[PDB]
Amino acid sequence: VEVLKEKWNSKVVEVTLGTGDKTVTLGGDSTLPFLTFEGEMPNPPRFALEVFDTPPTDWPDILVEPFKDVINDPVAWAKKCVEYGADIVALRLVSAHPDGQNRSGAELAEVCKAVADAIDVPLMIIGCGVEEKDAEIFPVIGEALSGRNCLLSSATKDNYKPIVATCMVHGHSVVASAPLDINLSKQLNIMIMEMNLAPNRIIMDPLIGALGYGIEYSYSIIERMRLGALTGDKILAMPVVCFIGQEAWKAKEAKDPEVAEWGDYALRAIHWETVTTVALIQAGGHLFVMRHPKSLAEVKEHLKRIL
């Protein structure tokens, strides 16, 4: 018999982040991951490393180690992420939290600009998670970085207008987050597109669980998103981002170095991140936000091999 090759109706749009020589393209797939005998894969998955605007306080020693000299300096930390191979740098504005430092959009915007100017790669800016706060800071952030095509992370169903508004006025792209549910990701996309932001300026965040803590739901949701794009559902034809780092390093298997029943801590902590990544790369994710440089390097070597 003959190699079975699917005739796919459509494709995931190509999203471009950054501007000028520091551009990065994602998406564009007209086939399932790596099945290029029946479709195109214009872009390989892309990876980012996280940089916090304020020093992480609850990070395991093994994760701080690769950034120990730059962890208190967002700019230096971001240059280091590029040095470690990140395609994109992801700045998490933790200090914006209203229950924490509750910093203003103006304060936060100066740091996003500082970081942005210092690196030769595109910038992804993640908020604090509190919808109300994020909607307030992103329009100020988007304004300061106007024209730099950054990726503002997280418009949700309850807060997208201010953020989509900032993307459109100031030329940025947006991440649309909905909790592991096709119809909800779809509804959000529809509402964003209703403001006339183009589908190629949107990346879907299904709000995954790491390996062992919800990864199967994440994996299936992402597969349904890719199949949706391929078969023609224009509402699912957007690239997918997975916050791998954030979730994998929360796993006990990756945080408790003292558990003899699970073997060598250093190895399992890293495999926890690399396996969540390879599994979600197999599901159809496009942008992977990682935390540990070693996980990043090994996945990239894995990608060289599978591509």
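Don't overthink the numbering: it's just position in the shown sequence, from 1.
Peer 1: Could you settle it for me: does 164-172 or 197-205 have the higher average Cα B factor in the PDB entry?
Peer 2: Stretch with the higher mean C-alpha B-factor: 164-172.
Peer 1: Which has higher Cα B-factors on average according to the PDB entry: 92-100 or 231-239?
Peer 2: Per the PDB entry, the higher value belongs to 92-100.
Peer 1: Quiz for you: based on the deposited Cα B-factor, which of 87, 158, 181, 216 is highest?
Peer 2: Each of 87, 158, 181, 216 was compared by C-alpha B-factor; the highest is 158.
Peer 1: Between 109, 152, 221, 191, which one tops the list for Cα B-factor in this entry?
Peer 2: Of the candidates given, the C-alpha B-factor peaks at 109.
Peer 1: For residue 19, return the chain-relative third of its C-alpha B-factor as stated in the PDB record: lowest, middle or highest.
Peer 2: Tercile = highest for this residue's CA B-factor.
Peer 1: Quick one: classify residue 39 as lowest, middle or highest third of the chain based on its Cα B-factor.
Peer 2: It belongs to the lowest third of the chain when residues are ordered by C-alpha B-factor.
Peer 1: If you rank every modelled residue in this chain by C-alpha B factor, which third holds residue 260: lowest, middle or highest?
Peer 2: Tercile = highest for this residue's CA B-factor.
Peer 1: In terms of the chain's CA B-factor thirds, is residue 5 lowest, middle or highest?
Peer 2: CA B-factor rank for residue 5: highest third.
Peer 1: Which third of the chain holds residue 29 when residues are ordered by C-alpha B factor: lowest, middle or highest?
Peer 2: Lowest third of the chain for residue 29's C-alpha B-factor.
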